[PDB]
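Enquirer: Any chance you could fold what I've pasted below:
(3 chains, ligands or ions: 4)
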Amino acid sequence: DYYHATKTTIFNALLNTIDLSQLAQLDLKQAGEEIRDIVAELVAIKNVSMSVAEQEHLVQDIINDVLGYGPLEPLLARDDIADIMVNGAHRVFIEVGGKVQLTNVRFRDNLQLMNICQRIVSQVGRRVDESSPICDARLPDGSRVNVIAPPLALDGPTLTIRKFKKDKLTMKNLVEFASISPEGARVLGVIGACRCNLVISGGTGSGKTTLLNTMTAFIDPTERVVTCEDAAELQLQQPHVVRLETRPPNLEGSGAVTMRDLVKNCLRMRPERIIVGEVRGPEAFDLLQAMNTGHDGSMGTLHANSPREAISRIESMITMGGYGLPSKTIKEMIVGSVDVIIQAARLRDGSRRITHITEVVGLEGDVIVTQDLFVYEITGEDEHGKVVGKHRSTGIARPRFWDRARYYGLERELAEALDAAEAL
Amino acid sequence: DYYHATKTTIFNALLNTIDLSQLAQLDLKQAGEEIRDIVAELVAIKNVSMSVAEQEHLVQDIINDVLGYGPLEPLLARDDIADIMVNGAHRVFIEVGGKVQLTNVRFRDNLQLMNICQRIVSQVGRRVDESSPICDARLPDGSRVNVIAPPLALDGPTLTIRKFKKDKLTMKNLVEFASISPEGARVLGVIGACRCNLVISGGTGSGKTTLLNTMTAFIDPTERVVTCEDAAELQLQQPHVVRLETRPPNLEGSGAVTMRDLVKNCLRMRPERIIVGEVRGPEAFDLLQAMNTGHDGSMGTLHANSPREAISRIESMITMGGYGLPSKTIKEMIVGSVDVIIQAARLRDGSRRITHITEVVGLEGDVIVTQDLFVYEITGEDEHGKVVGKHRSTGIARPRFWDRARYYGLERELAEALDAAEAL
Amino acid sequence: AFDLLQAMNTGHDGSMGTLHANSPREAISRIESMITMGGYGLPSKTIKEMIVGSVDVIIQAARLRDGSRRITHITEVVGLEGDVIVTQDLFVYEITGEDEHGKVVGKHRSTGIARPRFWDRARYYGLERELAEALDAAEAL
Ligand SMILES: Nc1ncnc2c1ncn2[C@@H]1O[C@H](COP(=O)(O)OP(=O)(O)O)[C@@H](O)[C@H]1O
Ligand SMILES: Nc1ncnc2c1ncn2[C@@H]1O[C@H](COP(=O)(O)OP(=O)(O)O)[C@@H](O)[C@H]1O
Ligand SMILES: [Mg+2]
Ligand SMILES: [Mg+2]
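Expert: Numbering: from 1, shown residues only, chains lettered A, B, ... in the order given. Ligands and ions are numbered 1, 2, ... in the order given. Let me share the structure:
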């Protein structure tokens, strides 16, 4: 029980000796030495039940307060923990083995938690406060962080940290999980090798990035690939790959390199494929240019729950760009540039699927027309509560990209896969 | 009559001795001690008929007016008082037991009332004055304060304090009022425990927020719930509830956080149920996506008169978002997302009943088909003027969610409830 | 206007408003125009349904040719039918002719309705008999 009182006393003593206002003075190593010496001198002057190990641990806690993330360090250190949910300063839950449990972890007060949240979301040049209480970001280590501030969250700052697994899935894994039928897997292989301008839509956590990463495995090793990203997610194996990453604006709101700038410059690097990590704003426009003016095979994911919604949001982003283009101009551009719209999506039981493999056939009137090569048919739910369904081909044996497939000598495999799926 | 004169004289003497302008010198506690000493001294220096009891009363009144929330402190202290409505400095009303009544409470003048309002709204850091005459805020204790300043309010500052009604109706209370037959109550228990996505329709004041709060008593405690609201009304007793709340735009349109933004963010908080306070705008779309993408158990109340009109309203809201989805796409979304629509309604005689427990069976052609488990057949009118009706099960033995009910082991309870309903 | 209707349709029954129009149908059209001016992205049918659900009565006053003012209608928003709002006038001022001084001559007559749309609302407050008597007396002509 003396741990809390000892910590408070040591914090007061450290502030008296080395105050937080002296930041950048007595830096990381200097602080690690000075605070340790001060804690030793205090343990000598001020009697405490803390032993030598306890004194070293108090020095460690001071180090955390000066350098670390507070009581989250024990949790983030562990690897079996998949999610950390803070729900205010006095209730920290953790997901272990797929089940949520309450931990005996407690922040000092909502101010400590609200400062730690700002510290965590500052790693990517982002700030969350009463000016903008909602903040979603992804850390370098490969985890997602969501924060809501006290103005909205009544109970206090709410922090959600999902630590996603490192190793990714291959198309073989997707076939194993029944995510896509093997015939669909062969058609996807043809599409990836055939150099089709495909857009991978989907919902949050639906599998967009994983699907893109599995599709890039079909890229011919001789091609010059350029991958524009925000978090260095993709893991390509080709030898001739150029990896780019946008730079978030600094604290002064200057020096930013938006994804739009990266894509615009990628047109100068003479790449054979541009792979946008995710389309969010005006860069959509530029990406289509790349898809249209010779860089066939360019891929890029976006957030949407169906091909129609994905196309609508592409139009919305292009309009946000402010180029003053009419609606039908944008629709003609989309129809000319995009070939396939693979639709990832999560099902009502939480399991992922590839629900559609669409195809922008053409533009009629003012509405774009598409035909699904595959569709997910849900039949019901099994005794375990999991959604049951099957991937059915619509029978189309002449996709609009047939010429591309033939030019590379893959039309035979495409026809074989489509007719084998049609046999069912 | 001498009480007012003595109080005024003692206040002047205290200001002469202990100046309220001396802030940071003789502060709250020192101010109270000095006020007590000064009142004791002036009792003899300023001959007042007030005895020891009246002397202490005046001491406390000085301590309040100097520091506290003026004459409001008694009203805020009581627990039966639900609302406090001050129209100027002379017409303080209060709501007790559902009845608004005037009270013999007055303020010195409008300046005192405005200062009190400024002190009250300063707890949450907001300020109200002739510069920004309107202030709506939520105090830390759950009460809501609304203040309007003299420039707009002709009669003087207007204050409205709505305390948090901390007692709600349970399901058994709704049964006692003959609002839902006990068989219907147990069917609702099965539906809530079985985590079926449900929309709670109803008209104005028909009592659908209360029904939602009763339904949220069946949520399994181990589930992470996230409730979005415009004004905090639900009181969930589970230990894992996360409470959010929209922020309306200020007078200049900045700092707005719509329910749509909250519901979109909640998809990234890893919830297991999203419980939207009330669906009015485009957020319906997001909510349905939450229902579709694995967050089974999500709820939400909307304003409609019949389940068919509720579905039409959902379609209209989803179209209002401007996502460019055709009608049949939205209808398929609604069919796949919603499972049970519960219809509350307030009848002619001022009574409130639950008139439908509908299930969205599926699509026939271009119109969504529904089947009612329960219906309130209104026969006629009591001679007293009341309306007379009976709850009856439509005879549907196995509801659409029978498999879902069985997966949780509640098939026995559902069968018993529907047999008892059918056995009458 | 939008907010006002929202107030009328969220428990604040009894609210009142005034606008500038010559006929109740013109008043409804101008309400739709204002709500569209709000810029909330609501289609016409949504606004018409909102007007139907919120408003109950529309009292149309007017100033006549001879400068005289007379309440010319007491209309009721009966409900939507297709894409047009239906209305029924409880009272109307029928202009029969002119006086010898150039004045306008007319009479207030009820359209004979006995059960207006707000019959239940009136009954809930113990006024159904007053309304019935008033309408019957008006219909006695
Ligand atoms: N078909 C699938 N089967 C199983 N898990 C999947 C599948 N697709 C994606 N995932 C899981 O989703 C997580 C990554 O989702 P991701 O698509 O990268 O996020 P986003 O779609 O938001 O970019 C990984 O942890 C991975 O295990
Ligand atoms: N079945 C019922 N019988 C009697 N009174 C009820 C019933 N349900 C709710 N009430 C009361 O009526 C009020 C309804 O308000 P509320 O539930 O907020 O309706 P809404 O949210 O639709 O406006 C509540 O204050 C509650 O005390
Ligand atoms: Mg991604
Ligand atoms: Mg309500």
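Enquirer: which one in chain A is furthest away from the centre?
Expert: Of all residues in chain A, residue A:45 has its C-alpha farthest from the mean position, at 50.9 Å, by Cα atoms, centre = their mean.
Enquirer: From chain C, how far out is that one?
Expert: 66 Å (Cβ to the nearest Cβ, to the nearest Å). (C-beta placed from N, C-alpha, C; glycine too.)
Enquirer: from the chain's centre, how far out does the strand or helix carrying residue A:353 sit?
Expert: Element membership of residue A:353 [criterion: DSSP states H and E] is strand A:352-357. Here strand A:352-357 is found 19 Å from its chain centre; the criterion is Cα atoms, centre = their mean, to the nearest Å.
Enquirer: again, but for stretch A:160-167
Expert: Centre-to-centre, stretch A:160-167 and its host chain are 10 Å apart (Cα atoms, centre = their mean).
Enquirer: what does stretch A:292-301 give?
Expert: Distance of stretch A:292-301 from the chain centroid (Cα atoms, centre = their mean) equals 21 Å.
Enquirer: got it, and stretch A:234-244?
Expert: Per Cα atoms, centre = their mean, the centroid offset for stretch A:234-244 relative to its chain is 18 Å.
Enquirer: any bit of the strand holding residue A:353 sitting next to ligand 1?
Expert: Yes. Using Cβ under 6 Å from any ligand atom, we find that strand A:352-357 touches ligand 1 at residue A:352.
Enquirer: For ligand 1, see how far away the residue farthest from the centre of chain A is.
Expert: Distance, residue A:45 to ligand 1, using Cβ to the nearest ligand atom, to the nearest Å: 52 Å.
Enquirer: what do you get for residue A:70?
Expert: Taking Cβ to the nearest ligand atom, one finds residue A:70 at 27 Å from ligand 1.
Enquirer: and residue A:187, what does it touch?
Expert: Going by Cβ atoms under 8 Å, 6 or more residues apart in numbering or on different chains, residue A:187 touches A:357, A:373, A:374, A:414, A:417, A:418, A:421.
Enquirer: Identify the bridge partners of the third one.
Expert: Looking back up the chat, that one is residue A:374. With DSSP bridges as the criterion, residue A:374 is bridged to residue A:357, residue A:393.
Enquirer: tell me the contacts of it?
Expert: A:180, A:181, A:184, A:187, A:354, A:356, A:357, A:391, A:392, A:393, A:394, A:421.
Enquirer: switch to 10 Å and redo it
Expert: A:180-181, A:183-184, A:187-188, A:342-343, A:354-358, A:391-394, A:396, A:418, A:421 (Cβ atoms under 10 Å, 6 or more residues apart in numbering or on different chains).
Enquirer: Just the buried subset of these, please.
Expert: For the contacts of residue A:374, a neighbour count by 16 or more other Cβ atoms under 10 Å in any protein chain shown gives the buried set as A:180-181, A:183-184, A:187-188, A:342-343, A:354-358, A:391, A:393, A:418, A:421.
Enquirer: Could you list every helix and strand in contact with the host helix or strand of residue A:311?
Expert: Secondary-structure element containing residue A:311, defined by DSSP H and E: helix A:307-321. Helices and strands touching helix A:307-321, by 3 or more Cβ pairs under 10 Å, 6 or more residues apart in numbering or on different chains; DSSP states H and E, are strand A:198-201, helix A:283-292, helix A:327-337, strand A:340-346, strand A:352-357, strand A:367-370.
Enquirer: And ligand 1, is it touching that?
Expert: No. Judged by Cβ under 6 Å from any ligand atom, helix A:307-321 and ligand 1 are separated, with a smallest distance of 13.3 Å.
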